[PDB]
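Shown below: data.cif, with mmCIF, C-alpha atoms.
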```cif
data_work
#
loop_
_atom_site.group_PDB
_atom_site.id
_atom_site.type_symbol
_atom_site.label_atom_id
_atom_site.label_comp_id
_atom_site.auth_asym_id
_atom_site.auth_seq_id
_atom_site.Cartn_x
_atom_site.Cartn_y
_atom_site.Cartn_z
ATOM 1 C CA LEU A 1 51.580 147.482 59.647
ATOM 2 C CA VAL A 2 49.904 150.795 60.550
ATOM 3 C CA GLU A 3 51.949 153.889 61.410
ATOM 4 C CA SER A 4 50.397 156.665 63.479
ATOM 5 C CA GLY A 5 51.292 159.982 65.068
ATOM 6 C CA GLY A 6 52.050 162.330 62.200
ATOM 7 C CA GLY A 7 51.104 165.976 62.330
ATOM 8 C CA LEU A 8 52.399 169.529 62.275
ATOM 9 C CA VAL A 9 55.025 170.289 64.935
ATOM 10 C CA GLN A 10 57.288 173.202 65.863
ATOM 11 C CA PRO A 11 61.070 172.982 65.407
ATOM 12 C CA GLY A 12 62.872 172.088 68.617
ATOM 13 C CA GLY A 13 60.030 170.002 70.016
ATOM 14 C CA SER A 14 59.720 166.237 70.089
ATOM 15 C CA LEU A 15 57.313 163.774 68.524
ATOM 16 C CA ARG A 16 56.563 160.109 69.062
ATOM 17 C CA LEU A 17 55.262 157.942 66.245
ATOM 18 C CA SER A 18 54.032 154.400 66.629
ATOM 19 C CA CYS A 19 53.379 151.424 64.380
ATOM 20 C CA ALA A 20 51.055 148.551 65.232
ATOM 21 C CA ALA A 21 51.230 145.155 63.527
ATOM 22 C CA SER A 22 48.393 142.692 63.104
ATOM 23 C CA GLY A 23 48.473 139.034 64.011
ATOM 24 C CA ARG A 24 50.395 136.889 66.464
ATOM 25 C CA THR A 25 53.903 136.949 64.950
ATOM 26 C CA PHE A 26 55.000 140.482 65.919
ATOM 27 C CA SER A 27 57.729 139.258 68.276
ATOM 28 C CA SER A 28 59.365 137.309 65.434
ATOM 29 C CA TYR A 29 60.269 140.493 63.506
ATOM 30 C CA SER A 30 62.899 143.196 63.731
ATOM 31 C CA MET A 31 61.348 146.587 62.966
ATOM 32 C CA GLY A 32 62.833 149.507 61.040
ATOM 33 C CA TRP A 33 61.764 153.081 60.405
ATOM 34 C CA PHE A 34 62.476 154.868 57.128
ATOM 35 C CA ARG A 35 61.349 158.222 55.756
ATOM 36 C CA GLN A 36 60.651 159.879 52.404
ATOM 37 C CA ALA A 37 61.263 163.618 52.554
ATOM 38 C CA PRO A 38 60.054 165.774 49.638
ATOM 39 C CA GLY A 39 62.631 165.818 46.851
ATOM 40 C CA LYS A 40 64.851 163.117 48.385
ATOM 41 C CA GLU A 41 65.355 159.376 48.103
ATOM 42 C CA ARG A 42 64.188 157.128 50.933
ATOM 43 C CA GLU A 43 66.332 157.388 54.073
ATOM 44 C CA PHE A 44 66.833 154.778 56.764
ATOM 45 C CA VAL A 45 66.059 156.242 60.196
ATOM 46 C CA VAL A 46 66.512 153.617 62.924
ATOM 47 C CA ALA A 47 65.799 149.940 63.611
ATOM 48 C CA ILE A 48 65.266 147.581 66.541
ATOM 49 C CA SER A 49 66.115 143.891 66.591
ATOM 50 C CA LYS A 50 63.872 141.147 67.968
ATOM 51 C CA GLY A 51 65.887 141.386 71.189
ATOM 52 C CA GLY A 52 65.454 145.150 71.451
ATOM 53 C CA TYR A 53 68.855 146.387 70.234
ATOM 54 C CA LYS A 54 69.026 149.736 68.404
ATOM 55 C CA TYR A 55 70.614 150.190 64.982
ATOM 56 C CA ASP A 56 71.181 153.843 64.087
ATOM 57 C CA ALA A 57 71.460 155.395 60.656
ATOM 58 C CA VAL A 58 75.043 156.074 59.657
ATOM 59 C CA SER A 59 74.391 159.851 59.709
ATOM 60 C CA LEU A 60 71.277 160.925 61.657
ATOM 61 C CA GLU A 61 73.050 162.451 64.700
ATOM 62 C CA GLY A 62 71.384 160.261 67.360
ATOM 63 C CA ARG A 63 68.103 162.204 67.312
ATOM 64 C CA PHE A 64 65.966 159.118 66.561
ATOM 65 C CA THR A 65 65.347 156.417 69.173
ATOM 66 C CA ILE A 66 63.174 153.341 69.197
ATOM 67 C CA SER A 67 61.376 150.921 71.489
ATOM 68 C CA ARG A 68 58.940 148.028 71.206
ATOM 69 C CA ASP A 69 56.049 146.705 73.301
ATOM 70 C CA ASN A 70 55.403 143.151 72.088
ATOM 71 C CA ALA A 71 52.277 142.668 74.201
ATOM 72 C CA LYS A 72 50.760 145.622 72.326
ATOM 73 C CA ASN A 73 52.199 144.573 68.935
ATOM 74 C CA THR A 74 53.626 148.095 68.720
ATOM 75 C CA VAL A 75 56.959 149.775 67.937
ATOM 76 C CA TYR A 76 57.703 153.430 68.723
ATOM 77 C CA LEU A 77 59.892 156.054 67.044
ATOM 78 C CA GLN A 78 60.918 159.026 69.182
ATOM 79 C CA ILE A 79 62.174 162.091 67.286
ATOM 80 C CA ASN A 80 63.865 164.667 69.482
ATOM 81 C CA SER A 81 64.835 168.238 68.637
ATOM 82 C CA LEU A 82 62.724 168.328 65.486
ATOM 83 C CA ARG A 83 64.145 170.210 62.517
ATOM 84 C CA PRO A 84 62.425 171.472 59.343
ATOM 85 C CA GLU A 85 64.414 168.847 57.404
ATOM 86 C CA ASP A 86 62.574 166.128 59.371
ATOM 87 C CA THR A 87 59.474 166.910 57.300
ATOM 88 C CA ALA A 88 58.770 163.613 55.573
ATOM 89 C CA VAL A 89 56.491 160.626 55.252
ATOM 90 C CA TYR A 90 57.647 158.123 57.898
ATOM 91 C CA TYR A 91 57.276 154.382 57.260
ATOM 92 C CA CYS A 92 57.759 151.374 59.500
ATOM 93 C CA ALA A 93 58.776 147.948 58.127
ATOM 94 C CA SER A 94 59.227 144.413 59.480
ATOM 95 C CA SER A 95 61.900 141.797 58.776
ATOM 96 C CA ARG A 96 62.753 138.371 60.135
ATOM 97 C CA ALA A 97 66.435 139.327 59.944
ATOM 98 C CA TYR A 98 68.409 139.329 63.169
ATOM 99 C CA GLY A 99 70.224 142.404 64.402
ATOM 100 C CA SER A 100 72.995 143.325 61.967
ATOM 101 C CA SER A 101 74.041 146.000 59.489
ATOM 102 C CA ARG A 102 71.498 144.537 57.044
ATOM 103 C CA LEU A 103 68.763 146.166 59.162
ATOM 104 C CA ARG A 104 69.834 149.531 57.696
ATOM 105 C CA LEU A 105 68.756 148.512 54.156
ATOM 106 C CA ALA A 106 65.208 148.708 52.785
ATOM 107 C CA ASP A 107 65.629 145.459 50.841
ATOM 108 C CA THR A 108 66.012 143.530 54.121
ATOM 109 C CA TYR A 109 62.385 144.234 55.002
ATOM 110 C CA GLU A 110 59.364 142.128 54.107
ATOM 111 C CA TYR A 111 56.342 144.263 55.056
ATOM 112 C CA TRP A 112 55.732 148.025 55.049
ATOM 113 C CA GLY A 113 53.064 150.318 56.428
ATOM 114 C CA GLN A 114 51.196 153.052 54.594
ATOM 115 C CA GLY A 115 53.149 155.874 56.252
ATOM 116 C CA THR A 116 52.419 158.939 58.363
ATOM 117 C CA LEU A 117 53.281 162.538 57.471
ATOM 118 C CA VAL A 118 55.353 164.693 59.826
ATOM 119 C CA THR A 119 55.596 168.400 59.009
ATOM 120 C CA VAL A 120 58.030 170.549 61.005
ATOM 121 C CA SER A 121 57.536 174.288 60.549
ATOM 122 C CA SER A 122 57.851 177.504 62.534
#
```
Take the structure in this file and express it as structure tokens.
Amino acid sequence: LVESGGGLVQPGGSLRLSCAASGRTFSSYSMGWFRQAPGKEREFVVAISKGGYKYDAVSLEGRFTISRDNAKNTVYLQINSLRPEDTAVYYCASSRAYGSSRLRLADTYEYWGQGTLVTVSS
């Protein structure tokens, strides 16, 4: 898995990240985004099931949405209304698990990318 799109962005703007997977088995995985902000433990961000259904983090205020394009082996994270506290390394992960509350847990996932840094600053 390879995440892309990180950079320096102004508060209030939006940013789209993507993650591309190798191989032929992309459609067989649910995909989840997590982040590691400086000085914090890993946080679940948002996930998408094999069928395309969104699973939101229990406290991230709806600002993070997700889509997948199976023909391109790619999943997308859209962050709206960026805040300084969104500064973090963002990771995407794959799991064979079906859509359920387990998609909000890191241990459910089998493969992880190397991450992409998002910095939000005025």
Quiz prompt | Protein/DNA/RNA residues near (54.8, 140.8, 67.0), cut 9 Å, all atoms listed in the file, as an MDAnalysis selection string | solution = chainID A and resid 20:29 69:74
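If you measure from each of A:60, A:89, A:97, A:17 to residue 3 (chain A) using all atoms listed in the file, the closest one turns out to be A:17.
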Quiz prompt | Closest of A:115, A:99, A:62, A:51 to residue 6 (chain A) - atom-to-atom distances counting all atoms listed in the file | solution = A:115
Residue members of the PyMOL selection byres ((chain A and resi 108) around 10) in the file shown, as a compact mmCIF listing (two decimals) with C-alpha atoms, keeping the file's coordinate frame:
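Saved to selection.txt:
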```txt
# COMPACT_ATOMS: atom_id res chain seq x y z
CA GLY A 32 62.83 149.51 61.04
CA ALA A 93 58.78 147.95 58.13
CA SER A 94 59.23 144.41 59.48
CA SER A 95 61.90 141.80 58.78
CA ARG A 96 62.75 138.37 60.14
CA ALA A 97 66.44 139.33 59.94
CA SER A 101 74.04 146.00 59.49
CA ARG A 102 71.50 144.54 57.04
CA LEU A 103 68.76 146.17 59.16
CA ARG A 104 69.83 149.53 57.70
CA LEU A 105 68.76 148.51 54.16
CA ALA A 106 65.21 148.71 52.78
CA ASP A 107 65.63 145.46 50.84
CA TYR A 109 62.38 144.23 55.00
CA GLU A 110 59.36 142.13 54.11
CA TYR A 111 56.34 144.26 55.06
```
Quiz item: Do you know which residues are at most 6 Å from residue 113 (chain A) counting all atoms listed in the file, after dropping those on the same chain fewer than 2 positions away, and could you put them as a list in words?
Solution: residues 1, 2, 91, 92 and 115 of chain A
Quiz item: Pick from A:121, A:100, A:116, A:80: nearest to residue 13 (chain A), with all atoms listed in the file counted?
Solution: A:80
Quiz item: Between A:36, A:67, A:59, A:87, which is the closest to residue 18 (chain A) once you count only C-alpha atoms?
Solution: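 Closest residue, counting only C-alpha atoms: A:67.
Proximity to residue 46 (chain A) was assessed for A:77, A:122, A:112, A:14 counting all atoms listed in the file; the smallest distance is recorded for A:77.
Atom pair CA of residue 83 (chain A) / CA of residue 64 (chain A) has a distance of 11.9 Å (rounded to one decimal).
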Quiz item: CA of residue 10 (chain A) and CA of residue 75 (chain A), how far apart in Å?
Solution: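 Between CA of residue 75 (chain A) and CA of residue 10 (chain A) the gap works out to 23.5 Å.
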Quiz item: CA of residue 4 (chain A) and CA of residue 57 (chain A), how far apart in Å?
Solution: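 Rounded to one decimal, the two atoms are 21.3 Å apart.
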Residues matched by the PyMOL selection byres ((chain A and resi 34) around 7), written as a PDB file with C-alpha atoms, keeping the file's coordinate frame:
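As written to disk, result_4.pdb reads:
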```pdb
ATOM      1  CA  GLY A  32      62.833 149.507  61.040  1.00  0.00           C
ATOM      2  CA  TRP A  33      61.764 153.081  60.405  1.00  0.00           C
ATOM      3  CA  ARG A  35      61.349 158.222  55.756  1.00  0.00           C
ATOM      4  CA  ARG A  42      64.188 157.128  50.933  1.00  0.00           C
ATOM      5  CA  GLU A  43      66.332 157.388  54.073  1.00  0.00           C
ATOM      6  CA  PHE A  44      66.833 154.778  56.764  1.00  0.00           C
ATOM      7  CA  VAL A  45      66.059 156.242  60.196  1.00  0.00           C
ATOM      8  CA  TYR A  90      57.647 158.123  57.898  1.00  0.00           C
ATOM      9  CA  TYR A  91      57.276 154.382  57.260  1.00  0.00           C
ATOM     10  CA  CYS A  92      57.759 151.374  59.500  1.00  0.00           C
TER      11      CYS A  92
END
```
Practice problem: Extract, using all atoms listed in the file, all DNA, RNA and protein residues at most 8 Å from residue 52 (chain A), discarding same-chain residues fewer than 3 positions from it, and format them as a PyMOL selection string. | Solution: chain A and resi 48-49+67-68
